Amino acid sequence: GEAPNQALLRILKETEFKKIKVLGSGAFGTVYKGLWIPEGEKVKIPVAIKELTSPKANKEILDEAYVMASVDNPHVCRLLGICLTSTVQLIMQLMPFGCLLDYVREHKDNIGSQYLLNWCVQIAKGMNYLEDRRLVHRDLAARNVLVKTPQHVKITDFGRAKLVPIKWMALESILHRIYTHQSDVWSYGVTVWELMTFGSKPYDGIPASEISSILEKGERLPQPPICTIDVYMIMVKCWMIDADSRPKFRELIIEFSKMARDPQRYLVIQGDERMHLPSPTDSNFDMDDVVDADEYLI
Ligand SMILES: Cc1nc2cnc(Nc3ccnc(-c4cnn(S(=O)(=O)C5CC5)c4)n3)cc2n1C(C)C
């Protein structure tokens, strides 16, 4: 029927890693900054440790472990392992710049058209990968895109990934609970809108119960001021009633790539290009045996 999933679930000892501080806490649970020092390997891996004690909560986090351990792509977040304590912990890669939503709000005055369009390509690449792996995210939003470096983003939060966020949801999903790769494309359009508005809340003030009626009337998120009709038209195509009329993630990679080659023709930002963001070629970006998870293999 379907291919056997031969992904390895790595069980890590409590003694192999340390929590440093809390990175974030909320409805999603609690995420901690940490260091993973495996065996007698002479490596220090910067990690993020997630924990949602209740049997039903352990079931849900293990469902996220299942999906997260099964993905392997540069623009998707993979599970490093799990720790079996009183509460089951997920051990993941530290994304030092946090989520993209807060990044675009905090660094607005230094974010240019090249960065914005490249993030779009990268999110579409990650999403296309999930489509190839026959996985429907069901929760794509700017809050679920993490920043490794300002030039490298990855999709996370597999707590809803299968084979409620109303304001990011396709109309078929709100009305009929129908989720497809084409419903993820709707959420992708909303994610792009969030980036182009430098982290604006979609349909601010409007209660979730009113959204279904709003979309049925033909109302969509407005054209952001920096967006050319070329970029807005793409967002609009992601918000069509007919799912099959929406672009495919492979077409979004193409469209945004063409645009990323001449970003000033597609996004109009006051004082663009003169804008600078931290790079691994810049100053101060034990620390001796530190290795990123992307370089720490099997
Ligand atoms: C502020 C902050 N700094 C971080 C550094 N590194 C990661 N690392 C990773 C890597 C892969 N996945 C995750 C992850 C999975 N689910 N979530 S979440 O539920 O917190 C998501 C809704 C924000 C984060 N974190 C996460 C970080 N955060 C999050 C709390 C947003």
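Its PDB header names X-ray crystallography as the technique used to obtain the model and reports a resolution of 2.60 Å.

Got a minute to help me understand the domain arrangement of the protein in this structure?
Quite often, the size of an interface is put as the accessible area lost when its parts meet. You can read the domains of the protein as domain 1 (1–94) and domain 2 (95–284). Between the C-alpha centres of domain 1 and domain 2 the distance comes to 26 Å. With 15 residues of domain 1 at the contact, the number on the domain 2 side is 20 residues. Both faces considered, domain 1 and domain 2 share a buried interface measuring about 1,600 Å² in area, 57% of it formed by carbon and sulfur atoms. At the surface where domain 1 touches domain 2, the tally comes to 1 salt bridge. For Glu2, the salt bridge is made with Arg134, and the minimal N-O distance between the two is 2.9 Å. Linking domain 1 to domain 2 there are 8 residue pairs in polar contact. Ranked by residues supplied to the side of domain 1 that touches domain 2, first place goes to helix α1 (residues 55–70) with 4 residues. Each residue belonging to the side of domain 1 that touches domain 2 can be placed in one class, and the counts come to 7 nonpolar, 4 polar and 4 charged.

Can you walk me through the pairing of strand β4 (residues 79–84) in this structure?
Every regular strand shows the same layout, with side chains that alternate between the two sheet faces. Taken across its 6 residues, β4 has 5 buried, putting it largely inside the fold. For β4 and strand β5 (residues 88–93), the ladder comprises 5 bridges, and the chain directions are antiparallel. Counted as the bridge partner of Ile82 is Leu90 from β5. Between the end of β4 and the start of β5, which pair antiparallel, lie 3 residues.

It is not clear to me how helix α3 (residues 113–132) should be interpreted in this structure. Could you clarify?
Every α-helix carries 3.6 residues per turn, so stepping three or four residues along brings you back to the same face. For α3, which comprises 20 residues, the first-to-last C-alpha distance of 29 Å matches the rise-based estimate of 28 Å (1.5 Å per residue) to within 8%. Most of α3 is tucked away, with 14 of its 20 residues classed as buried.

What should I look at first to understand the site of the ligand in this one?
Taken together, the neighbourhood of the ligand is formed by 18 residues, with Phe28, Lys50, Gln93, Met95 and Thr156 sitting nearest. Between a nitrogen atom of the ligand and a main-chain N or O atom of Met95, the distance comes to 2.9 Å. A distance of 3.1 Å separates an oxygen atom of the ligand from a polar atom in the side chain of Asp157. A per-class count over the shell around the ligand returns 10 nonpolar, 4 polar and 4 charged. Both domain 1 (1–94) and domain 2 (95–284) contribute no fewer than three residues apiece to the shell around the ligand.

I'm lost on unusual backbone geometry in this one. Help?
Most peptide bonds adopt trans geometry, and most residues besides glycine take a negative phi value. Backbone geometry at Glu39 places phi at a positive 25 degrees, although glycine is not the residue there. For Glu39, a relative accessible area of 63% translates into the label exposed.

Would you mind showing me how to read the pattern of salt bridges here?
It is possible for side chains bearing opposite charge to pair when their charged atoms get close. Within the structure shown, the criterion is met by 12 salt bridges. In this structure, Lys42 and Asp289 form a salt bridge, with 3.2 Å as the shortest nitrogen-oxygen distance. Accessibility expressed as a relative area gives 25% for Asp289, which makes it partly exposed.

Conventions used here
Residues numbered from 1 in each chain as written, not as in the entry; some residues may be left out. Heavy atoms only, no water. Domains from an automatic or database assignment. Contact = heavy atoms within 4.5 Å. Buried area = accessible area lost by both parts, 1.4 Å probe. Salt bridge = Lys/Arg side-chain N within 4 Å of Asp/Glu carboxyl O. Polar contact = N/O pair within 3.5 Å; in protein donor to acceptor, adjacent residues only side chain to side chain. Helix = DSSP H or I, 4+ residues; strand = E, 2+ residues; numbered from the N terminus. Nonpolar A, V, L, I, M, F, W, Y, C, P; charged D, E, K, R; others polar. Buried < 20%, exposed > 50% of the residue type's maximum accessible area, 1.4 Å probe, protein only. Pairing = 2+ DSSP bridges. Expected span 1.5 Å × (residues − 1). Near = heavy atom within 4 Å.

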